[PDB]
Amino acid sequence: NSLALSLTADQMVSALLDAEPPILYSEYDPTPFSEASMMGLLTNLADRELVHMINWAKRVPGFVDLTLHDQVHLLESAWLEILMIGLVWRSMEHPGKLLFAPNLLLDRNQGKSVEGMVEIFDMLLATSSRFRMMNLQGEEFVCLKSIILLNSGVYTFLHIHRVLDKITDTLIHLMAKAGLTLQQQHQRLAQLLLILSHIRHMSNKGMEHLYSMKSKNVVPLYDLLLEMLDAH
Amino acid sequence: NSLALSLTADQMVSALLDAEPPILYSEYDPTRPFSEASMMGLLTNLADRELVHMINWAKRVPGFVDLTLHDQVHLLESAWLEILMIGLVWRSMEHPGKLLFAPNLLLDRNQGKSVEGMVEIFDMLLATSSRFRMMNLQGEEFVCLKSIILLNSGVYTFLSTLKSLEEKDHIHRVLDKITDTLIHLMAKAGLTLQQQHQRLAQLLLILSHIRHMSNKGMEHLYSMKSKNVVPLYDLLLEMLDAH
Amino acid sequence: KXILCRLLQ
Amino acid sequence: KXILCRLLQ
Ligand SMILES: C[C@]12CC[C@@H]3c4ccc(O)cc4CC[C@H]3[C@@H]1CC[C@@H]2O
Ligand SMILES: C[C@]12CC[C@@H]3c4ccc(O)cc4CC[C@H]3[C@@H]1CC[C@@H]2O
């Protein structure tokens, strides 16, 4: 089976760092936010990012080995978790702020601009503080994003596990090479995986938020964004 | 600080096995028509009772009581359903295709169709159950998982005083301690170092799925509460209002 | 308006 | 509707 199962931890990391999508800039500059202008800004950015995301998924070892149907199902199920972790990751060096784009750094308050938005902002920020605190590494980050893509919809399914194990192997390798003890390795591996179920949770609230914003007719009906939204 | 941080893997396991809540029996009437309103009353009645025992169990999980009353409330409001669910999947392990809500209440996928949007959730629960069976999850492992849920679920959703920082700090120390315990169980079972990491990962990954099932279940419960098919159980309603 | 803290307190 | 299966194509 899969060629991904015969990569060395270092090859694996290399593949993942390679597949990284570009960091998009917001295609408008706020400069007073408004519920409709804010949702159009964030939503505009997300829609674009989804195109690059699809390209990225095709480069994660073992992903393309799945059927078109399973591939579709995996992305529909994790697109937001993936947008979110990408967000928290680049927001690491910006205490109390969310760096949606190099040219769009918002903070908790501007989150008040939209209904039921601040809570989600706070959760994201908490995740970002946690990663900062843990001194998450880029090599670790791309392993986490891949575990999310592959692990999110697998039991909502009704090879993947082999690839997940491989990725766990890689994370331990990174941790070992960094000098952590066997105990510190397991603990950190657990701490990172645990943060994942929180990102899952933020994703669920996010879906509900995005869906309500649609009802309120505040969000521009982007084709791909909506399809992903309806998937659930 | 906390006495929980000076327990040995074996004392830790002992503590959790000791804290285990009693397995309740459903208190219903079998001679009543299966209907959206009767089913919801059955599951919802059971859940409400289990929450009282759940609160007792939490007080016995090492490190829990060291938290402020406010943090204790938060954690439980944020994990009560994941906990009811993991408990469900656990005692449903030895019952392929069925969910053992109670020793006298074993339902299957099809009796789930009895309620709107319920079957999907049943399938997820059953899927999880199958996964645990497949993995041959142990009771010692099970209690370590349930505790990780109680402590990990709402920690990234606290607030922001100096006090809260010490709290989150404390929680993470207990979580690490519990990870130590899982590995210890796995090593003693004879798994290699690699098998240990992989399993630890597999189990923790299942937790995010349980979190997901929890979110759907909340939405479902809340909707059923709009259709007016949920009895006014004081505790359950409170825990459901948390979100 | 307070069931959980009672049982907890 | 369907856009995803094509992009992955
Ligand atoms: C989906 C939402 C708009 C798009 C936001 C976004 C957009 C781009 C991105 O890279 C990350 C995130 C995280 C939070 C998302 C929001 C959660 C609520 C809102 O509806
Ligand atoms: C909350 C629900 C009723 C109570 C159910 C229960 C009740 C007791 C228990 O030990 C586990 C579960 C799992 C699924 C729960 C259901 C999910 C949807 C439904 O509204």
# chains A, B, ... in the order shown; residues from 1 in each chain; ligands from 1
>>> interface_residues(of="chain C", to="chain B", cutoff="7 Å", atoms="only C-alpha atoms", output="PyMOL selection string")
chain C and resi 3-5+9
>>> interface_residues(of="chain A", to="chain B", cutoff="10 Å", atoms="only C-alpha atoms", output="ChimeraX atom specification")
/A:119-120,122-127,129-130,147-148,151-158,161-162,164-169,171-172,182-201,203-205,208
>>> write_last_selection(atoms="N, CA and C atoms", output="short mmCIF file (atom, residue, chain, number, x, y, z; two decimals), in the first residue's frame")
data_model
loop_
_atom_site.label_atom_id
_atom_site.label_comp_id
_atom_site.auth_asym_id
_atom_site.auth_seq_id
_atom_site.Cartn_x
_atom_site.Cartn_y
_atom_site.Cartn_z
N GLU A 119 -16.83 35.22 21.59
CA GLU A 119 -16.58 33.97 22.29
C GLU A 119 -15.62 33.11 21.48
N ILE A 120 -15.88 33.01 20.19
CA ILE A 120 -15.04 32.24 19.29
C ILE A 120 -13.66 32.88 19.22
N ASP A 122 -12.19 34.55 21.58
CA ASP A 122 -11.55 34.20 22.83
C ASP A 122 -11.00 32.78 22.82
N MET A 123 -11.78 31.82 22.32
CA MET A 123 -11.32 30.43 22.26
C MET A 123 -10.08 30.33 21.36
N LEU A 124 -10.14 30.94 20.18
CA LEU A 124 -9.01 30.90 19.26
C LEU A 124 -7.78 31.44 20.00
N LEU A 125 -7.90 32.64 20.56
CA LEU A 125 -6.81 33.27 21.30
C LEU A 125 -6.25 32.36 22.40
N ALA A 126 -7.13 31.64 23.09
CA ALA A 126 -6.68 30.74 24.15
C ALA A 126 -5.79 29.67 23.54
N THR A 127 -6.18 29.17 22.37
CA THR A 127 -5.41 28.13 21.70
C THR A 127 -4.06 28.69 21.32
N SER A 129 -2.46 31.17 22.69
CA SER A 129 -1.64 31.37 23.89
C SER A 129 -1.04 30.05 24.32
N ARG A 130 -1.86 29.01 24.28
CA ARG A 130 -1.41 27.68 24.66
C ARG A 130 -0.22 27.23 23.79
N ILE A 147 -2.88 15.53 10.90
CA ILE A 147 -3.60 14.60 11.76
C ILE A 147 -5.06 15.04 11.73
N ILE A 148 -5.28 16.36 11.71
CA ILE A 148 -6.64 16.89 11.67
C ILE A 148 -7.34 16.49 10.37
N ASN A 151 -7.84 12.60 10.54
CA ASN A 151 -8.59 12.08 11.68
C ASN A 151 -10.00 12.59 11.88
N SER A 152 -10.30 13.78 11.38
CA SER A 152 -11.61 14.36 11.61
C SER A 152 -12.84 13.58 11.17
N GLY A 153 -12.88 13.16 9.92
CA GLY A 153 -14.07 12.46 9.46
C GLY A 153 -14.01 10.95 9.37
N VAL A 154 -12.93 10.33 9.86
CA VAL A 154 -12.78 8.87 9.73
C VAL A 154 -13.80 7.96 10.43
N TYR A 155 -14.42 8.45 11.49
CA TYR A 155 -15.41 7.64 12.20
C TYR A 155 -16.80 8.11 11.78
N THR A 156 -16.86 9.20 11.01
CA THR A 156 -18.10 9.73 10.49
C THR A 156 -18.14 9.14 9.08
N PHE A 157 -17.31 8.11 8.90
CA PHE A 157 -17.19 7.39 7.63
C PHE A 157 -18.24 6.29 7.44
N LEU A 158 -18.71 5.71 8.54
CA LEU A 158 -19.70 4.62 8.52
C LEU A 158 -19.04 3.29 8.10
N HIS A 161 -5.49 5.11 9.31
CA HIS A 161 -4.89 4.82 10.61
C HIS A 161 -3.41 4.55 10.51
N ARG A 162 -2.99 3.89 9.43
CA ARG A 162 -1.57 3.61 9.24
C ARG A 162 -0.83 4.92 9.07
N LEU A 164 -1.84 7.81 10.15
CA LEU A 164 -1.92 8.55 11.42
C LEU A 164 -0.81 8.06 12.36
N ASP A 165 -0.59 6.75 12.39
CA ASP A 165 0.45 6.18 13.23
C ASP A 165 1.80 6.72 12.79
N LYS A 166 2.00 6.79 11.48
CA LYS A 166 3.26 7.26 10.93
C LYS A 166 3.51 8.66 11.42
N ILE A 167 2.47 9.49 11.35
CA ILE A 167 2.60 10.87 11.78
C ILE A 167 2.89 10.97 13.26
N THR A 168 2.32 10.07 14.05
CA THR A 168 2.62 10.09 15.47
C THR A 168 4.11 9.80 15.62
N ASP A 169 4.60 8.83 14.85
CA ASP A 169 6.01 8.43 14.87
C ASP A 169 6.89 9.65 14.62
N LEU A 171 6.16 12.85 15.01
CA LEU A 171 6.09 13.81 16.11
C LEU A 171 7.02 13.39 17.24
N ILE A 172 7.08 12.09 17.51
CA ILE A 172 7.95 11.62 18.58
C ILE A 172 9.40 11.83 18.18
N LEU A 182 11.94 10.50 27.44
CA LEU A 182 10.83 9.65 27.01
C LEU A 182 9.52 10.12 27.63
N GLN A 183 9.58 10.53 28.90
CA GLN A 183 8.39 11.01 29.61
C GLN A 183 7.90 12.33 29.02
N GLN A 184 8.82 13.28 28.82
CA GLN A 184 8.45 14.57 28.25
C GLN A 184 7.89 14.42 26.84
N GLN A 185 8.31 13.37 26.14
CA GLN A 185 7.83 13.12 24.79
C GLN A 185 6.35 12.73 24.82
N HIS A 186 6.00 11.74 25.64
CA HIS A 186 4.63 11.26 25.76
C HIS A 186 3.71 12.36 26.25
N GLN A 187 4.16 13.10 27.25
CA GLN A 187 3.34 14.16 27.82
C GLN A 187 2.99 15.22 26.80
N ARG A 188 3.99 15.67 26.05
CA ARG A 188 3.78 16.68 25.04
C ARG A 188 2.92 16.13 23.93
N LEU A 189 3.19 14.90 23.51
CA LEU A 189 2.38 14.32 22.45
C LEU A 189 0.93 14.36 22.90
N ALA A 190 0.69 14.07 24.17
CA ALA A 190 -0.68 14.07 24.67
C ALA A 190 -1.24 15.48 24.73
N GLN A 191 -0.43 16.43 25.19
CA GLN A 191 -0.86 17.81 25.30
C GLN A 191 -1.26 18.37 23.92
N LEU A 192 -0.50 18.03 22.88
CA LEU A 192 -0.82 18.53 21.55
C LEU A 192 -2.09 17.86 21.02
N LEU A 193 -2.17 16.55 21.15
CA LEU A 193 -3.36 15.88 20.67
C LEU A 193 -4.60 16.40 21.39
N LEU A 194 -4.50 16.62 22.70
CA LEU A 194 -5.66 17.11 23.44
C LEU A 194 -6.16 18.45 22.91
N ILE A 195 -5.25 19.34 22.54
CA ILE A 195 -5.63 20.64 22.01
C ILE A 195 -6.48 20.45 20.76
N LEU A 196 -6.28 19.32 20.09
CA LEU A 196 -7.04 19.04 18.87
C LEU A 196 -8.53 18.94 19.12
N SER A 197 -8.93 18.26 20.19
CA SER A 197 -10.36 18.13 20.45
C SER A 197 -10.96 19.51 20.76
N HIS A 198 -10.13 20.45 21.21
CA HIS A 198 -10.64 21.79 21.45
C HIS A 198 -10.85 22.50 20.11
N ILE A 199 -9.92 22.30 19.17
CA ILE A 199 -10.03 22.90 17.85
C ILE A 199 -11.27 22.33 17.15
N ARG A 200 -11.59 21.08 17.45
CA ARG A 200 -12.77 20.42 16.88
C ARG A 200 -13.99 21.16 17.40
N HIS A 201 -13.97 21.43 18.70
CA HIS A 201 -15.05 22.14 19.36
C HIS A 201 -15.22 23.56 18.78
N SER A 203 -14.46 24.46 15.92
CA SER A 203 -14.96 24.27 14.57
C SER A 203 -16.48 24.10 14.56
N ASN A 204 -17.00 23.36 15.53
CA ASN A 204 -18.43 23.13 15.63
C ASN A 204 -19.18 24.43 15.93
N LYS A 205 -18.67 25.21 16.87
CA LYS A 205 -19.32 26.47 17.21
C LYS A 205 -19.25 27.37 15.98
N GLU A 208 -21.88 26.65 13.41
CA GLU A 208 -23.16 27.17 13.84
C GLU A 208 -23.22 28.69 13.62
#
>>> residues_near_ligand(ligand="ligand 2", cutoff="7 Å", atoms="only C-alpha atoms and all ligand atoms", output="list in words")
residues 40, 43, 44, 46, 47, 50, 84, 85, 87, 88, 101, 118, 121, 217, 218, 220, 221 and 224 of chain B
>>> write_last_selection(atoms="C-alpha atoms", output="compact mmCIF listing (two decimals), in the first residue's frame")
# COMPACT_ATOMS: atom_id res chain seq x y z
CA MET B 40 -36.75 11.39 24.88
CA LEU B 43 -33.06 8.80 27.81
CA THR B 44 -33.51 12.18 29.41
CA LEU B 46 -31.70 8.42 32.91
CA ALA B 47 -29.28 11.22 32.03
CA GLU B 50 -26.60 10.04 36.16
CA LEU B 84 -22.32 10.40 29.67
CA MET B 85 -21.39 9.41 26.13
CA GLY B 87 -19.65 5.99 29.67
CA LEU B 88 -22.31 4.81 27.24
CA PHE B 101 -27.99 2.82 28.14
CA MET B 118 -31.34 10.69 16.60
CA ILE B 121 -26.00 10.22 16.77
CA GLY B 217 -26.04 15.91 21.06
CA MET B 218 -26.35 19.36 22.65
CA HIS B 220 -30.28 17.78 19.38
CA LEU B 221 -31.26 17.98 23.03
CA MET B 224 -36.09 18.54 21.30
>>> closest_atom_pairs(of="chain A", to="chain D", cutoff="12 Å", atoms="only C-alpha atoms", output="tab-separated table")
residue	atom	partner	partner_atom	distance
A:50	CA	D:4	CA	10.2
A:51	CA	D:7	CA	8.4
A:52	CA	D:7	CA	10.7
A:53	CA	D:8	CA	10.8
A:54	CA	D:8	CA	7.0
A:55	CA	D:8	CA	8.1
A:56	CA	D:8	CA	10.8
A:57	CA	D:8	CA	9.2
A:58	CA	D:8	CA	7.8
A:59	CA	D:8	CA	11.5
A:63	CA	D:8	CA	11.0
A:64	CA	D:8	CA	9.1
A:66	CA	D:8	CA	11.2
A:67	CA	D:8	CA	10.1
A:68	CA	D:5	CA	6.6
A:69	CA	D:5	CA	7.5
A:70	CA	D:5	CA	10.1
A:71	CA	D:8	CA	7.8
A:72	CA	D:5	CA	6.3
A:73	CA	D:4	CA	9.7
A:74	CA	D:4	CA	11.3
A:75	CA	D:4	CA	9.0
A:76	CA	D:4	CA	8.8
A:79	CA	D:4	CA	11.9
A:222	CA	D:1	CA	11.8
A:223	CA	D:1	CA	8.2
A:224	CA	D:3	CA	6.9
A:225	CA	D:4	CA	10.3
A:226	CA	D:1	CA	9.0
A:227	CA	D:1	CA	6.1
A:228	CA	D:4	CA	8.4
A:229	CA	D:1	CA	11.2
A:230	CA	D:1	CA	9.4
A:231	CA	D:1	CA	9.6
>>> write_last_selection(atoms="N, CA, C and O atoms", output="compact mmCIF listing (two decimals), in the first residue's frame")
# COMPACT_ATOMS: atom_id res chain seq x y z
N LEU A 50 -9.62 28.17 0.91
CA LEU A 50 -10.11 26.83 0.67
C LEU A 50 -9.58 26.26 -0.64
O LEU A 50 -9.40 25.04 -0.76
N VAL A 51 -9.32 27.12 -1.62
CA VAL A 51 -8.81 26.65 -2.90
C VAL A 51 -7.38 26.16 -2.69
O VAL A 51 -7.02 25.04 -3.08
N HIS A 52 -6.57 26.98 -2.04
CA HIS A 52 -5.21 26.59 -1.76
C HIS A 52 -5.21 25.35 -0.87
O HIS A 52 -4.37 24.47 -1.03
N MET A 53 -6.16 25.30 0.06
CA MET A 53 -6.25 24.18 0.98
C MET A 53 -6.39 22.88 0.21
O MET A 53 -5.69 21.90 0.49
N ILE A 54 -7.30 22.86 -0.76
CA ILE A 54 -7.52 21.66 -1.56
C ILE A 54 -6.23 21.23 -2.23
O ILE A 54 -5.96 20.04 -2.32
N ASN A 55 -5.43 22.20 -2.68
CA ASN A 55 -4.17 21.86 -3.32
C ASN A 55 -3.27 21.21 -2.30
O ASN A 55 -2.65 20.18 -2.58
N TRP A 56 -3.20 21.81 -1.12
CA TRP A 56 -2.38 21.31 -0.02
C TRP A 56 -2.73 19.86 0.39
O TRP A 56 -1.85 19.03 0.58
N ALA A 57 -4.03 19.58 0.52
CA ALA A 57 -4.47 18.25 0.91
C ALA A 57 -3.93 17.20 -0.06
O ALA A 57 -3.53 16.11 0.36
N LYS A 58 -3.91 17.54 -1.34
CA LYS A 58 -3.42 16.64 -2.38
C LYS A 58 -1.94 16.32 -2.23
O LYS A 58 -1.44 15.38 -2.85
N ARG A 59 -1.25 17.09 -1.40
CA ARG A 59 0.17 16.89 -1.21
C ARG A 59 0.53 16.21 0.12
O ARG A 59 1.68 15.85 0.35
N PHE A 63 -2.94 10.99 1.40
CA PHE A 63 -4.26 11.55 1.12
C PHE A 63 -4.79 11.11 -0.25
O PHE A 63 -5.87 10.53 -0.34
N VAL A 64 -4.02 11.38 -1.31
CA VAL A 64 -4.45 11.01 -2.66
C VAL A 64 -4.72 9.51 -2.84
O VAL A 64 -5.41 9.11 -3.77
N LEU A 66 -6.62 7.83 -1.21
CA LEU A 66 -8.02 7.60 -0.84
C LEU A 66 -8.90 7.86 -2.05
O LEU A 66 -8.47 8.49 -3.02
N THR A 67 -10.14 7.38 -1.99
CA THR A 67 -11.08 7.58 -3.09
C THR A 67 -11.49 9.05 -3.15
O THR A 67 -11.34 9.79 -2.17
N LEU A 68 -12.00 9.47 -4.30
CA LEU A 68 -12.44 10.84 -4.48
C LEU A 68 -13.54 11.14 -3.44
O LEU A 68 -13.63 12.24 -2.90
N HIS A 69 -14.36 10.13 -3.16
CA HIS A 69 -15.44 10.25 -2.20
C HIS A 69 -14.95 10.44 -0.77
O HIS A 69 -15.48 11.28 -0.04
N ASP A 70 -13.94 9.67 -0.37
CA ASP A 70 -13.39 9.80 0.98
C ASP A 70 -12.64 11.12 1.13
O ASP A 70 -12.67 11.75 2.20
N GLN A 71 -11.96 11.53 0.06
CA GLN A 71 -11.21 12.77 0.05
C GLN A 71 -12.20 13.91 0.28
O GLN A 71 -11.99 14.76 1.13
N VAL A 72 -13.28 13.91 -0.50
CA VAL A 72 -14.33 14.92 -0.37
C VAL A 72 -14.84 14.97 1.07
O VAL A 72 -14.92 16.03 1.67
N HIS A 73 -15.18 13.80 1.60
CA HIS A 73 -15.69 13.68 2.97
C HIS A 73 -14.70 14.19 4.03
O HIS A 73 -15.11 14.82 4.99
N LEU A 74 -13.41 13.89 3.87
CA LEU A 74 -12.42 14.36 4.83
C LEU A 74 -12.32 15.90 4.89
O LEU A 74 -12.28 16.48 5.97
N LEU A 75 -12.29 16.55 3.73
CA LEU A 75 -12.19 18.01 3.68
C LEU A 75 -13.45 18.74 4.13
O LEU A 75 -13.36 19.81 4.72
N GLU A 76 -14.61 18.17 3.83
CA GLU A 76 -15.87 18.79 4.22
C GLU A 76 -15.92 18.79 5.72
O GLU A 76 -16.44 19.72 6.33
N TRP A 79 -12.34 21.24 6.98
CA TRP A 79 -11.93 22.54 6.44
C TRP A 79 -11.80 23.67 7.45
O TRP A 79 -10.81 24.41 7.41
N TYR A 222 -20.67 32.73 -1.23
CA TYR A 222 -19.54 32.22 -2.01
C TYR A 222 -19.82 30.75 -2.32
O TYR A 222 -20.14 29.97 -1.42
N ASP A 223 -19.70 30.37 -3.58
CA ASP A 223 -19.97 28.99 -3.98
C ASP A 223 -19.27 27.89 -3.17
O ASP A 223 -19.94 27.06 -2.55
N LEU A 224 -17.94 27.87 -3.20
CA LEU A 224 -17.21 26.84 -2.48
C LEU A 224 -17.40 26.92 -0.97
O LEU A 224 -17.57 25.90 -0.31
N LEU A 225 -17.39 28.13 -0.41
CA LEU A 225 -17.57 28.26 1.03
C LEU A 225 -18.89 27.63 1.48
O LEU A 225 -18.93 26.88 2.46
N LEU A 226 -19.96 27.94 0.77
CA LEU A 226 -21.27 27.40 1.11
C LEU A 226 -21.35 25.90 0.98
O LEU A 226 -21.95 25.24 1.83
N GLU A 227 -20.77 25.34 -0.08
CA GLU A 227 -20.83 23.90 -0.26
C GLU A 227 -20.21 23.23 0.96
O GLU A 227 -20.77 22.28 1.51
N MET A 228 -19.06 23.75 1.38
CA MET A 228 -18.36 23.23 2.55
C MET A 228 -19.24 23.43 3.78
O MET A 228 -19.30 22.57 4.67
N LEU A 229 -19.91 24.57 3.84
CA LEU A 229 -20.78 24.88 4.97
C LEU A 229 -21.94 23.90 5.04
O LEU A 229 -22.25 23.38 6.11
N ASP A 230 -22.57 23.64 3.90
CA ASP A 230 -23.72 22.73 3.86
C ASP A 230 -23.36 21.28 4.08
O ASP A 230 -24.16 20.51 4.61
N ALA A 231 -22.15 20.90 3.66
CA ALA A 231 -21.68 19.53 3.81
C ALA A 231 -22.17 18.90 5.11
O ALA A 231 -22.67 17.77 5.13
>>> residues_near_ligand(ligand="ligand 1", cutoff="7 Å", atoms="only C-alpha atoms and all ligand atoms", output="VMD selection string")
chain A and resid 39 42 to 43 45 to 46 49 80 83 to 84 86 to 87 100 117 120 206 to 207 209 to 210 213
>>> atom_distance(atom1="CA of residue 86 (chain B)", atom2="CA of residue 144 (chain B)")
11.5 Å
>>> residues_around(residues="residue 96 (chain B)", least_positions_apart="6", cutoff="9 Å", atoms="only C-alpha atoms", output="tab-separated table (two decimals) with N, CA, C and O atoms, in the first residue's frame")
chain	number	residue	atom	x	y	z
B	126	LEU	N	-22.26	4.15	18.37
B	126	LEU	CA	-21.94	2.77	18.02
B	126	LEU	C	-20.58	2.69	17.33
B	126	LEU	O	-19.79	1.78	17.60
B	129	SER	N	-18.02	2.90	19.93
B	129	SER	CA	-18.05	1.66	20.68
B	129	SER	C	-17.28	0.57	19.94
B	129	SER	O	-16.49	-0.15	20.54
B	130	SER	N	-17.52	0.46	18.64
B	130	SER	CA	-16.83	-0.53	17.81
B	130	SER	C	-15.34	-0.31	17.84
B	130	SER	O	-14.55	-1.26	17.90
B	133	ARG	N	-13.89	-1.56	21.05
B	133	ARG	CA	-13.88	-3.02	21.01
B	133	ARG	C	-12.66	-3.47	20.20
B	133	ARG	O	-11.85	-4.27	20.66
>>> atom_distance(atom1="CA of residue 114 (chain A)", atom2="CA of residue 98 (chain A)")
14.9 Å
>>> select_by_dssp(residues="chain D", states="helix (DSSP H, G or I)", output="count of residues only")
5
>>> atom_distance(atom1="CA of residue 171 (chain B)", atom2="CA of residue 132 (chain B)")
26.0 Å
>>> residues_around(residues="residue 89 (chain A)", least_positions_apart="4", cutoff="9 Å", atoms="only C-alpha atoms", output="PyMOL selection string")
chain A and resi 84-85+93+127-128+131-132+136+138+141
